[PDB]
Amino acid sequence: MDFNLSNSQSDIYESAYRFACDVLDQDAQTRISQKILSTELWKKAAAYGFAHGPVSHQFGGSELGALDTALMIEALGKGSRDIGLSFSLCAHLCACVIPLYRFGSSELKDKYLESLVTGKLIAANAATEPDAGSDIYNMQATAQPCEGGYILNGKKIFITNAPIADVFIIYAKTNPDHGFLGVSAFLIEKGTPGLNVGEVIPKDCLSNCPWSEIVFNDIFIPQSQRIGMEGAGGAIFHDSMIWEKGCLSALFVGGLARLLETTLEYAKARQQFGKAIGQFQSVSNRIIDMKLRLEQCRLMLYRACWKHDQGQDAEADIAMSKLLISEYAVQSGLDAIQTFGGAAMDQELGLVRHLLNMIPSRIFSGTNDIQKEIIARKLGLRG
């Protein structure tokens, strides 16, 4: 039992924090105001190491564990205001790079993986459908086996990075008899005949992180573009979501550390009735809640990632961390706004934008109600 980072981990965190502050946070306000995802800046971040994670040196990666990867992402969330870009980059890492590395054939990895790890190519993960959100294994897109590969039809929605992606990691049914056991995963390139990528659909939350629908109209998928074995697509999706929930969520821990520092400074400086507003217990009690939340969810995050790195079953731990981080990120965003009062409306300071950016954290990679269902199942309550 030890609660210090190693020297190596401290160096990883500090280097990522410096890059986030000195590279990505530069001119963030202009990109945020204009709703710009700068692909050239995204690629520099990818190549720095944010697209690497556990990938081996063979493919340009850093062989990091889950805890190391989470520390880099926590630093990114604390140091850069451009959380939409950070979310886009981390989705590419956790839901696209990592499954290709963990399950792709040698041929597929040799063709695509280093390009994704360096950001030469941007990827999008396409699983969710109009009638398959939480009930993902109800997906209806079909990859019908045929001579030489598959014929793919269907529609995916809510696809982060789709408007800017060069490749798509898609999940579809190769056996409509089954749910989970009937899904396979495939890599398809932008421009393939029959792949219709929709225009960006605007949103107020994470507003410069592009998403859109994609429609498959009779796409031919060559056999060599299947990721993993036939029917393994549910397991591949599940594994990718463990990585996304475990490490991507660290963004919001770093964002909460930043928010709490801003909120503490204001509560010490702003005076009403002849005293700092932090001296009123209505004000300080909320700030203490923010502090309590930050410390608890950071420890839960670190333990979930450490358990994964030890080879232990961390599924419940990752569901608990994803739930706590996202709940605490939203609640603390509300508490920071309450601390500032009318001053919270300022768009430069961005407290309201911060709350908006935290709202989807309770939805992405499985809603928090679904996290409770996962934990309930691990506790024996779904037998």
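Counting begins at 1, following the sequence as shown.
- The records show that residue 147 is included in the coordinate set of every other eligible entry of this protein, so it is not omitted in a third of them.
- Compared with other PDB entries of the same protein, residue 178 is missing from at least a third of those that resolve the residues around it.
- Looking at mean Cα B-factors across 196 to 204 and 276 to 284, the upper value is held by 196 to 204.
- As the entry records it, the average C-alpha temperature factor is higher for 304 to 312, out of 127 to 135 and 304 to 312.
- The entry lists C-alpha B-factors for 97, 209, 162, 121, and the highest of these is at 121.
- The entry lists C-alpha B-factors for 79, 246, 84, 191, and the highest of these is at 191.
- Among the modelled residues of its chain, residue 328 has a C-alpha B-factor that falls in the lowest third according to the deposited record.
- When all modelled residues of the chain are sorted by CA temperature factor, residue 181 is found within the highest third.
- Split the chain's modelled residues into thirds by C-alpha temperature factor. Residue 59 is in the highest one.
- Sorting the modelled residues of the chain by their CA temperature factor places residue 349 in the highest third.
- When the modelled residues of the chain are ordered by C-alpha B-factor, residue 114 sits in the highest third.
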